[PDB]
There are 4 protein chains.
Amino acid sequence: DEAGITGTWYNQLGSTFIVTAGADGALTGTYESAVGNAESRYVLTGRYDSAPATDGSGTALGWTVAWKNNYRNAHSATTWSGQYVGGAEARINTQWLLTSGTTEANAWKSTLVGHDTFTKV
Amino acid sequence: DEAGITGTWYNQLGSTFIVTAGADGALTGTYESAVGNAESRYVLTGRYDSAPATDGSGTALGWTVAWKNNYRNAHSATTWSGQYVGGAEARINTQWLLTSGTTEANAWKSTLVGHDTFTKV
Amino acid sequence: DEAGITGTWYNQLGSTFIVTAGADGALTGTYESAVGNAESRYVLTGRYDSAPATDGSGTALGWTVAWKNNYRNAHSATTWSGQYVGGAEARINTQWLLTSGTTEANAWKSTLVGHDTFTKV
Amino acid sequence: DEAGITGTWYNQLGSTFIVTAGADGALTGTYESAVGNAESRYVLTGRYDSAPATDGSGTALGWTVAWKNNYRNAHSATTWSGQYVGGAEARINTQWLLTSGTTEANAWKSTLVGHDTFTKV
Ligand SMILES: [Cu+2]
Ligand SMILES: [Cu+2]
Ligand SMILES: [Cu+2]
Ligand SMILES: [Cu+2]
């Protein structure tokens with residue numbers, strides 16, 4: 001799925017995920033969020049299963065974005081964890097964890113959880 | 001916290017996380033899990049906030065492991081999302097999402113969620 | 001939203017959630033899952049915000065199902081946490097945690113996480 | 001575990017959970033949080049597996065709190081999902097989802113996720 005994954009993907013929020021999949025399992029690219037304390041592109045990296053099961057199963061993958069770039073710093077990181085499902089309407093179906101840096105006293109409220117679905121259109 | 005983060009960390013399961021923090025926000029290294037469908041080391045990559053708040057707050061970070069290496073392939077990926085808290089007993093406090101590749105019919109049961117706390121000892 | 005919430009709801013898996021909302025914040029009813037180790041109806045209970053904000057915001061709510069009834073026992077419980085959004089196409093948008101009873105050694109893999117969207121049709 | 005569960009439990013934040021376990025799987029009680037937009041006690045309800053496995057496994061359970069009482073309304077609900085582990089130092093080990101009522105535009109940031117461990121002392 002190196003070919004399948006590589007490219008430009010869009011989620012339900014209107015965010016844009018630009019990724020390259022390496023033959024060795026790497027994911028590199030940029031993320032631009034349509035929401036939150038974010039502007040322009042941010043580095044991302046991740047990993048995917050470069051030899052998935054041949055049985056109909058999706059391809060596991062994940063990636064991280066730390067919310068610092070030359071424009072802003074939102075003192076946070078999101079990780080998406082999910083699977084790529086190939087075919088006529090290819091999708092990446094993810095769940096994510098967004099942890100902000102907090103004091104000890106606020107750690108209980110440090111982590112948001114949600115779900116993003118990415119499509120090629 | 002490039003110095004703070006860089007090195008060998010151990011969680012409550014007895015897993016070993018070996019990371020280098022780059023000046024530019026990169027995280028690279030290897031993960032070896034004490035549990036699950038896993039043996040030996042697996043590549044990991046991630047990101048962290050290289051200019052955290054100076055107010056007492058932790059440092060946001062995350063990383064991914066796809067569960068494929070030369071020994072096995074568990075057709076899955078974990079993402080940890082959390083924060084580094086520096087000082088006498090430094091910690092990385094994380095929550096994680098483990099997504100397995102599944103068919104459409106099994107997607108509902110694709111994703112495990114838990115929490116790992118990493119220490120230097 | 002006592003009137004709004006009360007009734008029969010269906011999710012994207014084809015599961016059926018039958019609830020009564022009490023004036024005092026109670027949720028009582030039955031759940032029947034279309035997937036998993038489940039058959040027929042199972043008791044559920046929960047709570048919702050009986051005096052929500054008047055600003056356009058959704059109405060917070062949650063409920064639990066333990067997966068035991070007269071037919072089976074799957075030694076697990078799901079909690080859904082989410083919000084009711086009223087209007088022409090009313091929805092309940094949830095995220096859920098399914099914890100199985102496990103030994104200590106398997107606790108790391110005890111908890112599934114997903115997301116369900118319920119509609120009146 | 002009706003006897004095991006029933007009573008007063010305390011988490012790592014200093015919150016107090018007072019529960020009765022019914023023979024039929026019910027959980028009823030009150031929760032008082034040490035943190036957040038909360039004061040005094042709030043109703044809770046939930047469910048647990050009243051006939052757990054005899055193999056060493058924990059007992060699955062969950063409960064909800066909507067954050068409305070006579071003192072305040074934080075327009076939110078938490079669900080804890082977890083397991084009771086009996087014996088010399090009994091514990092309830094949970095993960096939780098806290099959903100706030102939000103507008104559509106803020107739904108992405110509606111849900112916090114964390115983990116609480118409850119003890120009898
Ligand atoms: Cu295989
Ligand atoms: Cu700052
Ligand atoms: Cu209000
Ligand atoms: Cu059994």
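Labels below follow one simple rule: chain letters A, B, ... track the order of the sequence lines, proteins then strands, and each chain is numbered from 1.
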## Note on the structure
ring pair (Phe, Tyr, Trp, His ring centres under 6.0 Å) test vs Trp80(B) passes for just one of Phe17(B), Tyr31(B), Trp9(B), namely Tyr31(B)

### Message
Test your reading of the model: is there a side-chain donor-acceptor pair from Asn69(B) to the backbone of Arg41(B), 3.5 Å cut-off?
### Response
yes

### Task
Determine the minimum heavy-atom distance between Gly62(A) and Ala77(B), stating which atoms define it.
N-CB, 4.2 Å

### Query
Among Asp49(B), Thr102(B), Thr103(B), which has the most heavy-atom pairs under 4.5 Å with chain A?
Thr102(B)

### Message
Heavy-atom cut-off 4.5 Å, strictly under: side chain, backbone, both or neither for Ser50(A) against chain B?
### Response
both

### Query
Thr94(B), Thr111(B), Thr79(B), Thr59(B): which one forms the most heavy-atom pairs within less than 4.5 Å of chain A?
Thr79(B)

#### Entry: Pairs of heavy atoms under 4.5 Å with chain B: top-ranked of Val43(A), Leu98(A), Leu27(A)
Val43(A)

### Task
Select, from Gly25(B), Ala107(B), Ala51(B), the one with the greatest count of heavy-atom pairs under 4.5 Å involving chain A.
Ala51(B)

### Query
With only heavy atoms counted, which part of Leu97(B) is less than 4.5 Å from chain A, the side chain, the backbone, both or neither?
both

### Message
Under a 3.5 Å distance rule, please check whether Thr16(A) uses its side chain to pair with a backbone N or O of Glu32(A) as donor and acceptor.
### Response
no

### Query
Which bit of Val113(B) is near chain A, if near means a heavy-atom gap under 4.5 Å: side chain, backbone, both or neither?
neither

## Note on the structure
Looking only at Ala53(B), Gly46(B), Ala26(B), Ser100(B), most heavy-atom pairs under 4.5 Å shared with chain A are made by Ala53(B)

### Query
Which pair of heavy atoms, one from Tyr48(A) and one from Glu2(A), lies closest together, and at what distance?
OH-CB, 3.4 Å

### Query
For chain B, which of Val65(A), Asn73(A), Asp24(A), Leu44(A) has the most heavy-atom pairs under 4.5 Å?
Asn73(A)

### Task
Indicate yes or no for a side-chain donor-acceptor contact from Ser15(A) to the backbone of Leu13(A) under 3.5 Å, with no hydrogens or angles considered.
no

### Message
I'd like to know if the side chain of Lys68(A) and the backbone of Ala74(A) have a donor-acceptor N/O pair within less than 3.5 Å.
### Response
no

#### Entry: Part of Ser110(B) lying under 4.5 Å from any heavy atom of chain A
side chain

### Part of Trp67(B) lying under 4.5 Å from any heavy atom of chain A
neither

### Task
Please lay out, stage by stage, how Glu104(A) and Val85(B) fare under the test side-chain contact (heavy atoms from CB on, under 4.5 Å).
CA-CA 9 Å; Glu104(A) 266 47 55; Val85(B) 177; 3.4 Å; yes

